[PDB]
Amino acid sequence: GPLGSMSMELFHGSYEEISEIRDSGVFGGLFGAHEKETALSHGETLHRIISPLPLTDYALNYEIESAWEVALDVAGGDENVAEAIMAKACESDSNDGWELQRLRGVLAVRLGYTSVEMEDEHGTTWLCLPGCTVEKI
């Protein structure tokens, strides 16, 4: 679909002023919240992130044919972590939670998306990957 037709609007708080979303950092992107108030609790400078096409958790597990094999390829064949990154919580007793979150971001890039539904203390947040637009205030 024409780019922008599915865009969702999120906010990111940081100490920096973000120009673009580099393929770098712990997660390979930025986390966005639905409420400006939530983003400000994470930083002083507020940003607007716009993901042209986000990947909902439902669409991941239920509407995308053979996403499991793609999650397997990014998990190095370890079917225990691939199972963990198909789900928002990104939880397993054997792996680092944030590396699970990063690998979940890799999934969406592989599947052709630019943000992924995530779970966190706030509730649902989104890992916004390169492809989104970030702009201050």
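Quick note: we count residues from 1 along the sequence shown, nothing fancier.
Next on the checklist: Quick check on the record: does 102-110 or 89-97 carry the larger mean Cα temperature factor?
Outcome noted: Per the PDB entry, the higher value belongs to 89-97.
Checklist entry - How does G4 rank on Cα B-factor within its chain, lowest, middle or highest third? => result According to the entry, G4 has a C-alpha B-factor in the chain's middle third.
Next on the checklist: Ranking the modelled residues of this chain by C-alpha B-factor as given in the entry, is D57 in the lowest, middle or highest third?
Outcome noted: As the PDB entry reports it, the C-alpha B-factor of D57 lands in the lowest third of its chain.
Next on the checklist: Sorting by Cα B-factor within the chain, modelled residues only, which third would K36 end up in: lowest, middle or highest?
Outcome noted: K36: CA B-factor falls in the highest third of its chain.
Checklist entry - Looking at the C-alpha B-factor of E16, is it in the lowest, middle or highest third of its chain? => result Answer is middle: the recorded C-alpha B-factor places it there.
Checklist entry - Within this chain, which third does the Cα B-factor at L46 fall in: lowest, middle or highest? => result For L46, whose C-alpha B-factor we compare with every modelled residue in the chain, the answer is the middle third.
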